[PDB]
Amino acid sequence: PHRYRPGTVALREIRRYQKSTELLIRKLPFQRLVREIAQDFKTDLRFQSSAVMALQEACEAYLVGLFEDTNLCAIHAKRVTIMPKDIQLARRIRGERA
Amino acid sequence: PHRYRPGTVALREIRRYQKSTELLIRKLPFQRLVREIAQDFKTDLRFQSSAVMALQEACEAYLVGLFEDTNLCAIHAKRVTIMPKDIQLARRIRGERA
Amino acid sequence: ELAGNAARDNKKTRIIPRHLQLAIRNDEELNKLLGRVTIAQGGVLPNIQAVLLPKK
Amino acid sequence: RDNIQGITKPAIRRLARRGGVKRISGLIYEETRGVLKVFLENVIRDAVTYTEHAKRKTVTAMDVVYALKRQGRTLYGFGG
Amino acid sequence: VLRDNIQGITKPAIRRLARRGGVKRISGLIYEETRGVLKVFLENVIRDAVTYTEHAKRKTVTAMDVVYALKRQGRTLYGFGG
DNA sequence: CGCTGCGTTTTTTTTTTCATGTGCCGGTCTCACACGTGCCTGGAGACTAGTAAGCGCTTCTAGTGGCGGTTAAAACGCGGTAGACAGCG
DNA sequence: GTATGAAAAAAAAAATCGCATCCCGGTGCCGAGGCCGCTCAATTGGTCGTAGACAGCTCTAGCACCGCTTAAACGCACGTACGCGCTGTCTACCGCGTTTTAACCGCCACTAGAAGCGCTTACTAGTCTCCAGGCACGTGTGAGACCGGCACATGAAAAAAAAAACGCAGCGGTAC
Ligand SMILES: [Ca+2]
Ligand SMILES: [K+]
Ligand SMILES: [K+]
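Residues numbered from 1 in each chain as written, not as in the entry; some residues may be left out. Chains lettered and ligands numbered in written order. Part of a larger assembly, values for the part shown. Heavy atoms only, no water.

As recorded in the entry header, the structure was determined using X-ray crystallography to a resolution of 2.8600 Å.

Visitor: Give a detailed account of the protein's contact with DNA strand F, specifying residues and quantitative values.
Guide: In the region of DNA strand F, 22 residues are neighbours, and A:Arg35, A:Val80, A:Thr81, B:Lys19 and D:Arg14 sit closest. One of the backbone nitrogen or oxygen atoms of A:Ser49 is found 3.2 Å away from a phosphate oxygen of DNA strand F. A distance of 2.7 Å separates a phosphate oxygen of DNA strand F from a polar side-chain atom of D:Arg14. For the surface near DNA strand F, the elements supplying multiple residues, two or more each, are β1 (46–47) of chain A, α1 (9–19) of chain B together with α1 (9–19) of chain D. Its residues assigned to classes, the surface near DNA strand F comprises five nonpolar, five polar and 12 charged. (Near = heavy atom within 4 Å. Polar contact = N/O pair within 3.5 Å; in protein donor to acceptor, adjacent residues only side chain to side chain. Helix = DSSP H or I, 4+ residues; strand = E, 2+ residues; numbered from the N terminus. Nonpolar A, V, L, I, M, F, W, Y, C, P; charged D, E, K, R; others polar.)

Visitor: An account of the arrangement of the chains is requested, with residue identities and associated values reported.
Guide: Spatially, chain B is disjoint from chain D: no contact exists, and the shortest C-alpha separation is 13 Å. With no contact between them, chain C and chain D keep their nearest C-alpha atoms 13 Å apart. (Contact = heavy atoms within 4.5 Å.)

Visitor: Now, about the protein's contact with DNA strand G: what can you tell me, with residues and values included?
Guide: Taken together, 48 residues form the shell around DNA strand G, and within it A:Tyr4, A:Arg32, C:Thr13, D:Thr58 and E:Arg16 come nearest. Here a phosphate oxygen of DNA strand G sits 3.0 Å away from a polar atom, N or O, in the main chain of D:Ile24. Secondary-structure elements contributing two or more residues to the surface near DNA strand G are α1 (8–19) and α2 (27–41) of chain A, β1 (46–47) of chain B, β1 (23–24) of chain D together with α1 (11–21) of chain E. Counting residues per element, the surface near DNA strand G draws most heavily on α1(A), at five residues. Residues that form the surface near DNA strand G fall into these classes: 12 nonpolar, 14 polar and 22 charged.

The following block contains the structure:
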């Protein structure tokens, strides 16, 4: 057959997802996680559909913004791949960890 | 002849200045700057000596903060010298710039 | 409490800012709390990154 | 359960692609799962504090807005 | 009478800052880069400060103006009237 | 001519000095902490009074299941290529 | 005999090829846009009371000098270890095609809890008067820095001693 060279699907996967705004985590998975994490701080809580989507709209905004910073670090290391030691450097400079 | 190998004094110099707390910018210079910079906003100003000192404490603390963030970016690129690119990267992830 | 111990260690009777710095920065919680707080005449905790040390 | 794995590899990759990430180490996926959990935990904590204080057993969008604003992650278009 | 004072933040002074930084090795280009970031930072804080001074019909910038300025800028200073 | 080893001359690596900045002890001088005293303002007392807020009851929303169906999306795995990491100058 | 000349291979730029993304309409459904009449929150108008504008007066503290002293900044010089680019190995992360799964729909029925409406109480703001806590003055004594003399662990040098290229010499082999 024919096949696209490692990367050129990615570059497209970028252009696609930058030009769009649909939320990229599956709605129900996320929501279960939210209630999982909420039981910690209080049992038999109830959420407004919107309040779940308010969280999901943030988490995604944040992670997106992180990866942006992450990617600039990986690139700073004359790399193209992102790795944990790039996230951690971002988050340290951001001031989330020590 | 007796000489210490490049980056040996440097390391001593660290231990020295990390153990101490005194302002490292000679005070008159710094003061002159502040007033030079105050002109840009209002002519024939005056400064409480404590104001001038409240700035120098602030600036010196900021810079020392940057160079720590800076220095982890240099190190991120398997380096040891700090380079403008490192500061640039640090301010970038901080939010001081785009 | 923590800063007062800072001043023992240092063999000093009066607390100076640096004892406050060493107190706050060395406690995880207090440091989260004073995250965006500069402490005049407080300096930095001694820290030197490993890669910068000589190998011998 | 353990719904954190419900944040599938391809979804994280999706976010990274919006982030403008070309290449993605296999480790990342679990790391991201960690950072995400911290973030949800922290927001949800303060959110549910805001709920409990109003005495409601239902968490509102406004709980979550107030939290995000505290947490320094202000949100537009759910009120407040 | 010395219209370019940014220079008075002398290479050695910046070296020392960088030392407290925990920096072993300093590119030459830095100093200027530093001087520049310094300038921005002072400029930013002192603007806000003088705003506060001016708002109080004073000709004299107070230590409190500088704190109110540092607090706004997200850069909070203890030990001058906090 | 070509090799081969073996004394030579140098290089690498070890051992011992050695000159350096360290932080360590114990006596002088300074101005900053601590006390104190006396004055003044801002907290306490107490009672008045007017209104916020908390609890129960009224309604009806909007949140929580749950039921299948189809499809788009994850899963998994194989195959190869380009990018991460070390090593050289 | 010798300068010579066309095969291999390498590298490269062009044309199938096919593959995924944008524009043309056509279909329909849903949500924005807009009116309806109802409710309270904005306005009107007047009075009572205080916040702050105002001009002085006070004294502070900020400016600016004098003129030594020294430390720090500056400015050269010599060399080393770090930055940086170039390569080439291997493996891990992308791309595409089976197989597995669970999300997203458009229904269901049920209940809590949200959210509103009332009535009642106890909880605050609001007077005033009255002490004492707390602050702006002036005093003094001691911690602590500062100075200079110490052994003291040190990394840098100096002094021996366990290896890797260099001569240079002995000698065997081999055609001739
Ligand atoms: Ca000394
Ligand atoms: K409800
Ligand atoms: K004054």
